[PDB]
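Participant: Okay, so here is my_file-v2.txt, and as you'll see once you scroll down, it has compact mmCIF, N, CA, C and O atoms.
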```txt
# COMPACT_ATOMS: atom_id res chain seq x y z
N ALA A 1 93.63 97.61 47.35
CA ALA A 1 92.23 97.31 47.70
C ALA A 1 91.30 98.07 46.73
O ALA A 1 91.76 98.51 45.68
N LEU A 2 90.02 98.21 47.10
CA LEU A 2 88.90 98.87 46.41
C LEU A 2 89.26 99.35 45.00
O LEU A 2 89.69 100.49 44.84
N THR A 3 89.01 98.51 43.99
CA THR A 3 89.34 98.83 42.60
C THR A 3 88.19 98.94 41.59
O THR A 3 88.47 99.21 40.44
N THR A 4 86.92 98.75 41.98
CA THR A 4 85.72 98.85 41.10
C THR A 4 86.04 98.44 39.64
O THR A 4 86.18 99.29 38.75
N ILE A 5 86.26 97.15 39.42
CA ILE A 5 86.59 96.60 38.12
C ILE A 5 85.33 96.45 37.28
O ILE A 5 84.24 96.18 37.80
N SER A 6 85.50 96.67 35.99
CA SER A 6 84.47 96.58 34.98
C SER A 6 84.16 95.12 34.66
O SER A 6 84.95 94.22 34.99
N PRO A 7 83.01 94.84 34.02
CA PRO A 7 82.66 93.48 33.64
C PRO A 7 83.60 93.02 32.52
O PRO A 7 84.41 93.80 32.02
N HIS A 8 83.48 91.75 32.13
CA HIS A 8 84.28 91.07 31.11
C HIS A 8 85.66 90.78 31.71
O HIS A 8 86.09 89.63 31.71
N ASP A 9 86.32 91.78 32.30
CA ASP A 9 87.63 91.65 32.94
C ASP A 9 87.49 90.71 34.12
O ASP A 9 88.28 89.79 34.28
N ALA A 10 86.44 90.89 34.93
CA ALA A 10 86.26 90.01 36.07
C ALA A 10 86.02 88.57 35.64
O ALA A 10 86.38 87.68 36.39
N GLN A 11 85.41 88.29 34.48
CA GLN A 11 85.20 86.92 34.02
C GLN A 11 86.57 86.27 33.73
O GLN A 11 86.69 85.05 33.74
N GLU A 12 87.60 87.08 33.47
CA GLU A 12 88.94 86.64 33.17
C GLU A 12 89.59 86.17 34.46
O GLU A 12 89.86 84.99 34.57
N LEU A 13 89.78 87.06 35.44
CA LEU A 13 90.42 86.73 36.71
C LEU A 13 89.67 85.68 37.54
O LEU A 13 90.30 84.88 38.24
N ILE A 14 88.34 85.62 37.46
CA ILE A 14 87.59 84.61 38.21
C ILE A 14 87.88 83.22 37.63
O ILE A 14 87.95 82.25 38.38
N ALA A 15 88.06 83.10 36.31
CA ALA A 15 88.37 81.83 35.66
C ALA A 15 89.83 81.42 35.94
O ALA A 15 90.31 80.42 35.38
N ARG A 16 90.54 82.17 36.78
CA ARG A 16 91.94 81.95 37.14
C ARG A 16 92.13 81.68 38.62
O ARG A 16 93.11 81.02 38.95
N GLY A 17 91.26 82.18 39.49
CA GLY A 17 91.39 81.94 40.92
C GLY A 17 90.78 83.01 41.82
O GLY A 17 90.62 82.73 43.01
N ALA A 18 90.46 84.20 41.31
CA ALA A 18 89.86 85.25 42.13
C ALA A 18 88.50 84.77 42.61
O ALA A 18 87.77 84.11 41.87
N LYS A 19 88.14 85.09 43.86
CA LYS A 19 86.87 84.69 44.47
C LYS A 19 85.96 85.90 44.61
O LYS A 19 86.45 87.03 44.63
N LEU A 20 84.65 85.69 44.78
CA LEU A 20 83.66 86.75 44.96
C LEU A 20 82.83 86.38 46.19
O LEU A 20 82.64 85.20 46.47
N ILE A 21 82.32 87.38 46.92
CA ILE A 21 81.52 87.18 48.12
C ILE A 21 80.18 87.88 47.90
O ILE A 21 80.12 89.07 47.58
N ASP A 22 79.12 87.10 48.07
CA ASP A 22 77.75 87.54 47.91
C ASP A 22 77.26 88.18 49.21
O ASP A 22 76.65 87.49 50.03
N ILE A 23 77.49 89.48 49.42
CA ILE A 23 77.03 90.14 50.65
C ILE A 23 75.58 90.65 50.46
O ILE A 23 75.21 91.72 50.93
N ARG A 24 74.75 89.86 49.77
CA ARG A 24 73.34 90.17 49.48
C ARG A 24 72.46 89.35 50.41
O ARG A 24 72.47 89.61 51.61
N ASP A 25 71.68 88.41 49.88
CA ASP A 25 70.80 87.58 50.68
C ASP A 25 70.57 86.23 50.02
O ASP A 25 70.61 86.11 48.79
N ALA A 26 70.27 85.23 50.84
CA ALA A 26 70.05 83.87 50.40
C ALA A 26 68.75 83.65 49.62
O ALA A 26 68.64 82.60 48.97
N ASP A 27 67.77 84.56 49.65
CA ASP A 27 66.52 84.38 48.90
C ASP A 27 66.73 84.71 47.42
O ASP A 27 65.88 84.42 46.59
N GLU A 28 67.86 85.34 47.08
CA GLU A 28 68.19 85.70 45.71
C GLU A 28 68.93 84.53 45.07
O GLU A 28 68.68 84.22 43.91
N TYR A 29 69.75 83.83 45.87
CA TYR A 29 70.52 82.63 45.49
C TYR A 29 69.57 81.55 44.97
O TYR A 29 69.95 80.65 44.21
N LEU A 30 68.31 81.62 45.40
CA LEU A 30 67.22 80.74 45.04
C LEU A 30 67.10 80.74 43.52
O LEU A 30 67.22 79.69 42.88
N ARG A 31 66.86 81.92 42.94
CA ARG A 31 66.69 82.13 41.52
C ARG A 31 68.02 82.18 40.78
O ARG A 31 68.23 81.35 39.90
N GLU A 32 68.88 83.15 41.10
CA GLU A 32 70.16 83.32 40.41
C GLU A 32 71.37 83.39 41.32
O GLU A 32 71.30 83.70 42.51
N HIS A 33 72.52 83.15 40.70
CA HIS A 33 73.82 83.20 41.35
C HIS A 33 74.63 84.23 40.55
O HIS A 33 74.03 85.12 39.94
N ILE A 34 75.94 84.12 40.49
CA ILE A 34 76.82 85.07 39.82
C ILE A 34 78.08 84.35 39.32
O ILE A 34 78.15 83.12 39.44
N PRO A 35 79.04 85.04 38.69
CA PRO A 35 80.27 84.43 38.24
C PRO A 35 81.18 84.15 39.45
O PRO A 35 81.86 85.05 39.92
N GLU A 36 81.17 82.90 39.91
CA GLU A 36 81.97 82.34 41.00
C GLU A 36 81.94 83.07 42.36
O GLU A 36 82.82 83.88 42.66
N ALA A 37 80.96 82.76 43.21
CA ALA A 37 80.85 83.37 44.53
C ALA A 37 80.53 82.35 45.62
O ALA A 37 80.60 81.14 45.39
N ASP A 38 80.26 82.83 46.83
CA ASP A 38 79.91 82.03 47.98
C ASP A 38 78.89 82.80 48.81
O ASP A 38 79.00 84.03 48.95
N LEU A 39 77.88 82.09 49.31
CA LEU A 39 76.80 82.63 50.11
C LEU A 39 77.32 83.07 51.47
O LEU A 39 77.53 82.25 52.37
N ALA A 40 77.52 84.38 51.63
CA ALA A 40 77.99 84.99 52.85
C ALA A 40 77.28 86.34 52.98
O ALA A 40 77.91 87.38 52.75
N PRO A 41 75.98 86.35 53.31
CA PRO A 41 75.24 87.59 53.47
C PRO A 41 75.79 88.37 54.66
O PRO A 41 76.58 87.88 55.47
N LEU A 42 75.33 89.62 54.81
CA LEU A 42 75.76 90.51 55.88
C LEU A 42 75.63 89.88 57.28
O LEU A 42 76.40 90.21 58.19
N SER A 43 74.71 88.94 57.45
CA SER A 43 74.46 88.20 58.69
C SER A 43 75.66 87.36 59.13
O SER A 43 75.68 86.90 60.27
N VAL A 44 76.67 87.18 58.29
CA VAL A 44 77.87 86.40 58.58
C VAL A 44 79.08 87.35 58.65
O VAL A 44 79.94 87.24 59.53
N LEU A 45 79.11 88.35 57.77
CA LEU A 45 80.19 89.34 57.67
C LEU A 45 80.35 90.15 58.95
O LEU A 45 81.48 90.38 59.38
N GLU A 46 79.26 90.57 59.57
CA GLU A 46 79.24 91.37 60.78
C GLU A 46 79.44 90.55 62.05
O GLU A 46 79.71 91.12 63.10
N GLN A 47 79.29 89.23 61.96
CA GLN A 47 79.45 88.34 63.09
C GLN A 47 80.82 87.68 63.09
O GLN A 47 81.29 87.26 64.16
N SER A 48 81.47 87.62 61.93
CA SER A 48 82.78 87.00 61.80
C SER A 48 83.64 87.67 60.73
O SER A 48 84.79 88.02 61.01
N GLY A 49 83.12 87.83 59.52
CA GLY A 49 83.84 88.42 58.41
C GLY A 49 84.00 87.40 57.29
O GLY A 49 83.22 86.44 57.20
N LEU A 50 84.99 87.62 56.43
CA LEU A 50 85.31 86.78 55.28
C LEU A 50 85.53 85.30 55.65
O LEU A 50 86.25 85.02 56.61
N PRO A 51 84.96 84.34 54.89
CA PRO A 51 85.14 82.92 55.15
C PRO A 51 86.58 82.50 54.82
O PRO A 51 87.16 82.96 53.84
N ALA A 52 87.10 81.51 55.55
CA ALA A 52 88.45 80.99 55.38
C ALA A 52 88.68 80.32 54.03
O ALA A 52 89.82 80.01 53.69
N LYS A 53 87.64 80.03 53.25
CA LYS A 53 87.84 79.41 51.94
C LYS A 53 88.22 80.49 50.96
O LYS A 53 89.31 80.49 50.39
N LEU A 54 87.31 81.45 50.79
CA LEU A 54 87.45 82.56 49.86
C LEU A 54 88.34 83.67 50.42
O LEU A 54 88.11 84.84 50.15
N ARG A 55 89.40 83.30 51.13
CA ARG A 55 90.36 84.22 51.74
C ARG A 55 91.61 84.48 50.88
O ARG A 55 92.55 85.10 51.37
N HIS A 56 91.62 83.95 49.66
CA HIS A 56 92.70 84.08 48.68
C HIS A 56 93.17 85.54 48.57
O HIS A 56 92.41 86.47 48.81
N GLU A 57 94.41 85.73 48.10
CA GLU A 57 95.07 87.03 47.93
C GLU A 57 94.30 88.05 47.08
O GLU A 57 94.66 89.23 47.10
N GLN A 58 93.29 87.63 46.31
CA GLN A 58 92.47 88.48 45.46
C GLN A 58 91.03 88.00 45.56
O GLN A 58 90.72 86.85 45.22
N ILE A 59 90.15 88.88 46.03
CA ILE A 59 88.74 88.62 46.19
C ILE A 59 87.93 89.75 45.53
O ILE A 59 88.49 90.68 44.95
N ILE A 60 86.60 89.67 45.59
CA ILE A 60 85.64 90.61 45.02
C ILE A 60 84.41 90.61 45.92
O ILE A 60 84.11 89.64 46.61
N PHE A 61 83.65 91.70 45.85
CA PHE A 61 82.43 91.94 46.59
C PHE A 61 81.32 92.39 45.63
O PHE A 61 81.57 93.14 44.68
N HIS A 62 80.10 91.93 45.91
CA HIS A 62 78.91 92.26 45.14
C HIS A 62 77.68 92.10 46.02
O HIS A 62 77.68 91.30 46.96
N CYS A 63 76.62 92.84 45.69
CA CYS A 63 75.35 92.79 46.38
C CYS A 63 74.26 93.27 45.41
O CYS A 63 74.33 94.41 44.92
N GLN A 64 73.28 92.40 45.16
CA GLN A 64 72.13 92.60 44.28
C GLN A 64 72.56 93.14 42.90
O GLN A 64 73.70 92.90 42.49
N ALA A 65 71.68 93.82 42.17
CA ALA A 65 71.95 94.41 40.86
C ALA A 65 71.97 95.94 40.99
O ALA A 65 71.41 96.64 40.14
N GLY A 66 72.54 96.48 42.08
CA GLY A 66 72.61 97.92 42.31
C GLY A 66 72.49 98.34 43.77
O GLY A 66 72.19 99.51 44.02
N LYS A 67 72.69 97.45 44.76
CA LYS A 67 72.60 97.78 46.19
C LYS A 67 73.75 98.66 46.71
O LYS A 67 74.03 98.65 47.91
N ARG A 68 74.44 99.38 45.82
CA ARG A 68 75.57 100.26 46.07
C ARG A 68 76.57 99.55 46.98
O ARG A 68 76.67 99.83 48.17
N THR A 69 77.29 98.56 46.45
CA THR A 69 78.27 97.81 47.25
C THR A 69 79.33 98.79 47.80
O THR A 69 79.81 98.62 48.93
N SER A 70 79.62 99.88 47.07
CA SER A 70 80.57 100.91 47.47
C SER A 70 80.16 101.58 48.78
O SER A 70 81.00 102.12 49.49
N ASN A 71 78.87 101.52 49.11
CA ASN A 71 78.30 102.14 50.31
C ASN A 71 78.78 101.56 51.62
O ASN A 71 78.48 102.10 52.69
N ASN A 72 79.49 100.44 51.56
CA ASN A 72 80.05 99.75 52.72
C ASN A 72 81.44 99.23 52.39
O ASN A 72 81.99 98.41 53.14
N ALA A 73 82.00 99.66 51.26
CA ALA A 73 83.31 99.24 50.79
C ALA A 73 84.42 99.39 51.84
O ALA A 73 85.37 98.63 51.81
N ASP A 74 84.32 100.35 52.77
CA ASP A 74 85.34 100.55 53.80
C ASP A 74 85.41 99.32 54.69
O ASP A 74 86.48 98.76 54.91
N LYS A 75 84.25 98.89 55.20
CA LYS A 75 84.13 97.72 56.06
C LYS A 75 84.46 96.47 55.27
O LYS A 75 85.27 95.67 55.73
N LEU A 76 83.87 96.31 54.09
CA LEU A 76 84.09 95.16 53.22
C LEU A 76 85.59 94.98 52.94
O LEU A 76 86.07 93.85 52.95
N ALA A 77 86.33 96.06 52.71
CA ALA A 77 87.76 95.99 52.46
C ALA A 77 88.46 95.40 53.68
O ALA A 77 89.11 94.36 53.56
N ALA A 78 88.29 96.00 54.86
CA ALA A 78 88.90 95.56 56.12
C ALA A 78 88.60 94.09 56.39
O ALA A 78 89.50 93.32 56.75
N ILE A 79 87.34 93.70 56.19
CA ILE A 79 86.80 92.36 56.37
C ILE A 79 87.60 91.31 55.61
O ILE A 79 87.73 90.19 56.10
N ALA A 80 88.16 91.65 54.43
CA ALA A 80 88.90 90.70 53.62
C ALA A 80 90.40 91.01 53.46
O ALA A 80 91.13 90.17 52.95
N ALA A 81 90.87 92.17 53.92
CA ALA A 81 92.27 92.57 53.85
C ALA A 81 93.16 91.57 54.64
O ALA A 81 92.64 90.88 55.53
N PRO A 82 94.48 91.50 54.42
CA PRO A 82 95.30 92.28 53.48
C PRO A 82 95.10 91.94 51.99
O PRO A 82 95.73 92.61 51.17
N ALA A 83 94.25 90.97 51.63
CA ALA A 83 94.02 90.61 50.24
C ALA A 83 93.52 91.82 49.43
O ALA A 83 93.05 92.82 49.98
N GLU A 84 93.60 91.71 48.11
CA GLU A 84 93.15 92.72 47.17
C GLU A 84 91.66 92.55 46.95
O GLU A 84 91.21 91.49 46.51
N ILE A 85 90.88 93.58 47.28
CA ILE A 85 89.43 93.58 47.17
C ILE A 85 88.99 94.46 46.01
O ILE A 85 89.46 95.58 45.84
N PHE A 86 88.00 93.95 45.28
CA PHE A 86 87.41 94.62 44.14
C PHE A 86 85.90 94.59 44.25
O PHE A 86 85.32 93.93 45.11
N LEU A 87 85.27 95.36 43.37
CA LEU A 87 83.83 95.49 43.25
C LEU A 87 83.53 95.19 41.80
O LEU A 87 84.09 95.87 40.94
N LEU A 88 82.74 94.15 41.54
CA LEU A 88 82.37 93.80 40.17
C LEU A 88 81.11 94.58 39.85
O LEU A 88 80.01 94.12 40.17
N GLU A 89 81.30 95.76 39.26
CA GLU A 89 80.29 96.73 38.83
C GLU A 89 79.16 96.85 39.86
O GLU A 89 79.43 96.87 41.07
N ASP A 90 77.90 96.99 39.43
CA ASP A 90 76.73 97.09 40.31
C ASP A 90 76.18 95.71 40.57
O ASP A 90 75.01 95.39 40.38
N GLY A 91 77.08 94.87 41.06
CA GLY A 91 76.77 93.52 41.36
C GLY A 91 76.38 92.81 40.07
O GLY A 91 77.16 92.79 39.12
N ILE A 92 75.19 92.23 40.06
CA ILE A 92 74.63 91.47 38.93
C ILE A 92 74.66 92.29 37.63
O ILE A 92 74.69 91.71 36.54
N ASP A 93 74.67 93.61 37.75
CA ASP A 93 74.73 94.56 36.65
C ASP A 93 75.92 94.21 35.75
O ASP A 93 75.77 94.08 34.55
N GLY A 94 77.09 94.00 36.36
CA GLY A 94 78.34 93.67 35.69
C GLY A 94 78.26 92.40 34.86
O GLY A 94 78.37 92.46 33.64
N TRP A 95 78.06 91.25 35.50
CA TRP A 95 77.98 89.95 34.84
C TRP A 95 77.03 90.01 33.62
O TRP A 95 77.37 89.58 32.51
N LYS A 96 75.83 90.56 33.83
CA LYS A 96 74.82 90.69 32.78
C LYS A 96 75.23 91.69 31.70
O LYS A 96 74.86 91.49 30.55
N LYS A 97 76.01 92.73 32.01
CA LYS A 97 76.44 93.73 31.03
C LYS A 97 77.10 93.05 29.83
O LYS A 97 76.74 93.37 28.69
N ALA A 98 78.01 92.10 30.07
CA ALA A 98 78.70 91.36 29.02
C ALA A 98 77.78 90.31 28.36
O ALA A 98 78.10 89.77 27.30
N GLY A 99 76.62 90.03 28.97
CA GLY A 99 75.60 89.09 28.52
C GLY A 99 75.77 87.67 29.02
O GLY A 99 75.15 86.75 28.46
N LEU A 100 76.57 87.45 30.06
CA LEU A 100 76.79 86.11 30.57
C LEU A 100 75.63 85.69 31.49
O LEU A 100 75.21 86.48 32.34
N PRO A 101 75.09 84.47 31.34
CA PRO A 101 74.02 83.97 32.18
C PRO A 101 74.62 83.50 33.51
O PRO A 101 75.76 83.04 33.58
N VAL A 102 73.87 83.61 34.60
CA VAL A 102 74.22 83.22 35.95
C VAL A 102 74.04 81.70 36.09
O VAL A 102 73.53 81.05 35.18
N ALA A 103 74.44 81.12 37.23
CA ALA A 103 74.26 79.69 37.47
C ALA A 103 72.81 79.45 37.94
O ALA A 103 72.56 79.19 39.12
N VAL A 104 71.84 79.64 37.04
CA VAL A 104 70.43 79.46 37.34
C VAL A 104 70.07 77.97 37.29
O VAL A 104 70.80 77.14 36.73
N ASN A 105 68.93 77.62 37.88
CA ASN A 105 68.42 76.26 37.89
C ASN A 105 67.68 76.12 36.56
O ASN A 105 66.70 76.83 36.31
N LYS A 106 68.19 75.27 35.67
CA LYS A 106 67.61 75.04 34.35
C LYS A 106 66.19 74.48 34.44
O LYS A 106 65.94 73.53 35.19
N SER A 107 65.27 75.05 33.67
CA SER A 107 63.87 74.64 33.59
C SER A 107 63.49 74.73 32.11
O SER A 107 64.33 75.08 31.27
N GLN A 108 62.26 74.39 31.73
CA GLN A 108 61.81 74.45 30.35
C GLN A 108 60.52 75.23 30.36
O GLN A 108 60.59 76.41 29.96
```
Since I need it in another form, could you write the structure as structure tokens?

Facilitator:
Amino acid sequence: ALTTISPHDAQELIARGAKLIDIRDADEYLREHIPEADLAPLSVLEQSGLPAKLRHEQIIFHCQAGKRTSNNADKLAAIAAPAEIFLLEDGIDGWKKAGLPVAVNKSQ
């Protein structure tokens, strides 16, 4: 469990099957997304836990661009265990560190 993986590496495993859970908020999903996740804010995690789709043997957790995802990593781990849980840097911090753009709504 809890492995705090660095960016670039996560872009590798996500392009293979690893899933990510957005334990942030739906008003952020409006503007930006992340490298392969699902909208499951804390309002779902505390009422049920990890969704049955993203329940694969290897998952990841993220929240905002620095909401200290590690600050609840104990609960987040249990919520998705026995699968392998990781933390993709400071959430959005990681994806952007390597310079990869999020799944934003294209405009001009």

Participant: Kindly give the distance, in Å, that separates atom C of residue 53 in chain A and atom C of residue 27 in chain A, rounded to a single decimal.

Facilitator: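 If I compute the distance from atom C of residue 53 in chain A to atom C of residue 27 in chain A, I get 22.2 Å.
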
Participant: Quick one, how far is atom N of residue 65 in chain A from atom N of residue 81 in chain A?

Facilitator: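 Atom-to-atom, atom N of residue 65 in chain A and atom N of residue 81 in chain A are spaced 22.6 Å apart.
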
Participant: Find the residue from A:69, A:43, A:11, A:3 that sits nearest to residue 102 in chain A; use only C-alpha atoms when measuring.

Facilitator: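 Distance minimum relative to residue 102 in chain A lands on A:11.
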
Participant: By how many Å are atom C of residue 21 in chain A and atom N of residue 100 in chain A apart?

Facilitator: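 Spanning atom C of residue 21 in chain A to atom N of residue 100 in chain A is a straight-line distance of 18.2 Å.
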
Participant: Counting only N, CA, C and O atoms, which residues sit no farther than 8 Å from the position (78.2, 82.7, 42.5) in the file's frame? I'd like them as a count of residues only.

Facilitator: 13

Participant: Would you give me, as a ChimeraX atom specification, the residues in chain A that DSSP reads as helix (DSSP H, G or I)?

Facilitator: /A:9-14,26-29,42-45,69-80,92-97

Participant: Can I get the selected residues back with N, CA, C and O atoms, as a compact mmCIF listing (two decimals), keeping the file's coordinate frame?

Facilitator:
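Wrote out-v8.txt, looks like this:
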```txt
# COMPACT_ATOMS: atom_id res chain seq x y z
N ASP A 9 86.32 91.78 32.30
CA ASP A 9 87.63 91.65 32.94
C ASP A 9 87.49 90.71 34.12
O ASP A 9 88.28 89.79 34.28
N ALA A 10 86.44 90.89 34.93
CA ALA A 10 86.26 90.01 36.07
C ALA A 10 86.02 88.57 35.64
O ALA A 10 86.38 87.68 36.39
N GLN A 11 85.41 88.29 34.48
CA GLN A 11 85.20 86.92 34.02
C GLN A 11 86.57 86.27 33.73
O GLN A 11 86.69 85.05 33.74
N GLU A 12 87.60 87.08 33.47
CA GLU A 12 88.94 86.64 33.17
C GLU A 12 89.59 86.17 34.46
O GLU A 12 89.86 84.99 34.57
N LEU A 13 89.78 87.06 35.44
CA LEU A 13 90.42 86.73 36.71
C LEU A 13 89.67 85.68 37.54
O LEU A 13 90.30 84.88 38.24
N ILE A 14 88.34 85.62 37.46
CA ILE A 14 87.59 84.61 38.21
C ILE A 14 87.88 83.22 37.63
O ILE A 14 87.95 82.25 38.38
N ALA A 26 70.27 85.23 50.84
CA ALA A 26 70.05 83.87 50.40
C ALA A 26 68.75 83.65 49.62
O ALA A 26 68.64 82.60 48.97
N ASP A 27 67.77 84.56 49.65
CA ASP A 27 66.52 84.38 48.90
C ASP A 27 66.73 84.71 47.42
O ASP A 27 65.88 84.42 46.59
N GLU A 28 67.86 85.34 47.08
CA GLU A 28 68.19 85.70 45.71
C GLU A 28 68.93 84.53 45.07
O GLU A 28 68.68 84.22 43.91
N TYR A 29 69.75 83.83 45.87
CA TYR A 29 70.52 82.63 45.49
C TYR A 29 69.57 81.55 44.97
O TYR A 29 69.95 80.65 44.21
N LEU A 42 75.33 89.62 54.81
CA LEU A 42 75.76 90.51 55.88
C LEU A 42 75.63 89.88 57.28
O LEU A 42 76.40 90.21 58.19
N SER A 43 74.71 88.94 57.45
CA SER A 43 74.46 88.20 58.69
C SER A 43 75.66 87.36 59.13
O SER A 43 75.68 86.90 60.27
N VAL A 44 76.67 87.18 58.29
CA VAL A 44 77.87 86.40 58.58
C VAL A 44 79.08 87.35 58.65
O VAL A 44 79.94 87.24 59.53
N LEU A 45 79.11 88.35 57.77
CA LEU A 45 80.19 89.34 57.67
C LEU A 45 80.35 90.15 58.95
O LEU A 45 81.48 90.38 59.38
N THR A 69 77.29 98.56 46.45
CA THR A 69 78.27 97.81 47.25
C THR A 69 79.33 98.79 47.80
O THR A 69 79.81 98.62 48.93
N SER A 70 79.62 99.88 47.07
CA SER A 70 80.57 100.91 47.47
C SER A 70 80.16 101.58 48.78
O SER A 70 81.00 102.12 49.49
N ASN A 71 78.87 101.52 49.11
CA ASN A 71 78.30 102.14 50.31
C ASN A 71 78.78 101.56 51.62
O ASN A 71 78.48 102.10 52.69
N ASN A 72 79.49 100.44 51.56
CA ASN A 72 80.05 99.75 52.72
C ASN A 72 81.44 99.23 52.39
O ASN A 72 81.99 98.41 53.14
N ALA A 73 82.00 99.66 51.26
CA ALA A 73 83.31 99.24 50.79
C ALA A 73 84.42 99.39 51.84
O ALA A 73 85.37 98.63 51.81
N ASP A 74 84.32 100.35 52.77
CA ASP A 74 85.34 100.55 53.80
C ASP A 74 85.41 99.32 54.69
O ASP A 74 86.48 98.76 54.91
N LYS A 75 84.25 98.89 55.20
CA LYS A 75 84.13 97.72 56.06
C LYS A 75 84.46 96.47 55.27
O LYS A 75 85.27 95.67 55.73
N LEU A 76 83.87 96.31 54.09
CA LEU A 76 84.09 95.16 53.22
C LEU A 76 85.59 94.98 52.94
O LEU A 76 86.07 93.85 52.95
N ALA A 77 86.33 96.06 52.71
CA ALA A 77 87.76 95.99 52.46
C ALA A 77 88.46 95.40 53.68
O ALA A 77 89.11 94.36 53.56
N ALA A 78 88.29 96.00 54.86
CA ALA A 78 88.90 95.56 56.12
C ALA A 78 88.60 94.09 56.39
O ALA A 78 89.50 93.32 56.75
N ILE A 79 87.34 93.70 56.19
CA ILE A 79 86.80 92.36 56.37
C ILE A 79 87.60 91.31 55.61
O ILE A 79 87.73 90.19 56.10
N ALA A 80 88.16 91.65 54.43
CA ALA A 80 88.90 90.70 53.62
C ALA A 80 90.40 91.01 53.46
O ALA A 80 91.13 90.17 52.95
N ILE A 92 75.19 92.23 40.06
CA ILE A 92 74.63 91.47 38.93
C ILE A 92 74.66 92.29 37.63
O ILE A 92 74.69 91.71 36.54
N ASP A 93 74.67 93.61 37.75
CA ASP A 93 74.73 94.56 36.65
C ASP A 93 75.92 94.21 35.75
O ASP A 93 75.77 94.08 34.55
N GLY A 94 77.09 94.00 36.36
CA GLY A 94 78.34 93.67 35.69
C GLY A 94 78.26 92.40 34.86
O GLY A 94 78.37 92.46 33.64
N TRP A 95 78.06 91.25 35.50
CA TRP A 95 77.98 89.95 34.84
C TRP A 95 77.03 90.01 33.62
O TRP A 95 77.37 89.58 32.51
N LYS A 96 75.83 90.56 33.83
CA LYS A 96 74.82 90.69 32.78
C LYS A 96 75.23 91.69 31.70
O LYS A 96 74.86 91.49 30.55
N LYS A 97 76.01 92.73 32.01
CA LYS A 97 76.44 93.73 31.03
C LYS A 97 77.10 93.05 29.83
O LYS A 97 76.74 93.37 28.69
```

Participant: Box along x, y and z, 8 Å on every side, all listed atoms of range 20-38 of chain A inside: centre and edge lengths in Å to one decimal, as lines of an AutoDock Vina configuration file.

Facilitator:
```
center_x = 75.3
center_y = 85.7
center_z = 44.9
size_x = 34.8
size_y = 28.0
size_z = 29.4
```

Participant: Could you check which of A:63, A:87, A:14, A:50 is closest to residue 28 in chain A, using only C-alpha atoms?

Facilitator: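 Using only C-alpha atoms, residue 28 in chain A sits closest to A:63.
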
Participant: Pull the neighbourhood of (86.9, 86.6, 48.6) for me: all residues within 7 Å in file coordinates, counting only N, CA, C and O atoms, as a CSV table (one decimal) with N, CA, C and O atoms, in the coordinates of the input.

Facilitator:
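part_24.csv, freshly written:
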```
chain,number,residue,atom,x,y,z
A,18,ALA,N,90.5,84.2,41.3
A,18,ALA,CA,89.9,85.2,42.1
A,18,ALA,C,88.5,84.8,42.6
A,18,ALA,O,87.8,84.1,41.9
A,19,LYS,N,88.1,85.1,43.9
A,19,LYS,CA,86.9,84.7,44.5
A,19,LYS,C,86.0,85.9,44.6
A,19,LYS,O,86.4,87.0,44.6
A,20,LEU,N,84.6,85.7,44.8
A,20,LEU,CA,83.7,86.8,45.0
A,20,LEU,C,82.8,86.4,46.2
A,20,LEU,O,82.6,85.2,46.5
A,21,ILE,N,82.3,87.4,46.9
A,21,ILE,CA,81.5,87.2,48.1
A,21,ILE,C,80.2,87.9,47.9
A,21,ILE,O,80.1,89.1,47.6
A,50,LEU,N,85.0,87.6,56.4
A,50,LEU,CA,85.3,86.8,55.3
A,50,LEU,C,85.5,85.3,55.6
A,50,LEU,O,86.2,85.0,56.6
A,51,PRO,N,85.0,84.3,54.9
A,51,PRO,CA,85.1,82.9,55.2
A,51,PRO,C,86.6,82.5,54.8
A,51,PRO,O,87.2,83.0,53.8
A,53,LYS,N,87.6,80.0,53.2
A,53,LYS,CA,87.8,79.4,51.9
A,53,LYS,C,88.2,80.5,51.0
A,53,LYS,O,89.3,80.5,50.4
A,54,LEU,N,87.3,81.4,50.8
A,54,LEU,CA,87.4,82.6,49.9
A,54,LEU,C,88.3,83.7,50.4
A,54,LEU,O,88.1,84.8,50.2
A,55,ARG,N,89.4,83.3,51.1
A,55,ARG,CA,90.4,84.2,51.7
A,55,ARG,C,91.6,84.5,50.9
A,55,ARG,O,92.6,85.1,51.4
A,56,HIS,N,91.6,84.0,49.7
A,56,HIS,CA,92.7,84.1,48.7
A,56,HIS,C,93.2,85.5,48.6
A,56,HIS,O,92.4,86.5,48.8
A,58,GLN,N,93.3,87.6,46.3
A,58,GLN,CA,92.5,88.5,45.5
A,58,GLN,C,91.0,88.0,45.6
A,58,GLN,O,90.7,86.8,45.2
A,59,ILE,N,90.2,88.9,46.0
A,59,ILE,CA,88.7,88.6,46.2
A,59,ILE,C,87.9,89.8,45.5
A,59,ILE,O,88.5,90.7,45.0
A,60,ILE,N,86.6,89.7,45.6
A,60,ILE,CA,85.6,90.6,45.0
A,60,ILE,C,84.4,90.6,45.9
A,60,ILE,O,84.1,89.6,46.6
A,61,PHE,N,83.6,91.7,45.8
A,61,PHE,CA,82.4,91.9,46.6
A,61,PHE,C,81.3,92.4,45.6
A,61,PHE,O,81.6,93.1,44.7
A,80,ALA,N,88.2,91.6,54.4
A,80,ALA,CA,88.9,90.7,53.6
A,80,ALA,C,90.4,91.0,53.5
A,80,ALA,O,91.1,90.2,53.0
A,84,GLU,N,93.6,91.7,48.1
A,84,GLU,CA,93.2,92.7,47.2
A,84,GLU,C,91.7,92.6,47.0
A,84,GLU,O,91.2,91.5,46.5
```

Participant: Write out as a PyMOL selection string which residues come within 7 Å of residue 89 in chain A when counting all atoms listed in the file, dropping same-chain ones fewer than 4 positions away.

Facilitator: chain A and resi 4-7+61-63+66+69-70+93-95

Participant: Please provide the set of residues having any atom within 7 Å of range 46-49 of chain A, restricted to all atoms listed in the file, with same-chain residues fewer than 5 positions apart removed, written as a PyMOL selection string.

Facilitator: chain A and resi 40-41+79-80

Participant: Find the residue from A:45, A:25, A:8, A:31 that sits nearest to residue 75 in chain A; use only C-alpha atoms when measuring.

Facilitator: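 Answer, going by the shortest atom-to-atom distance: A:45.
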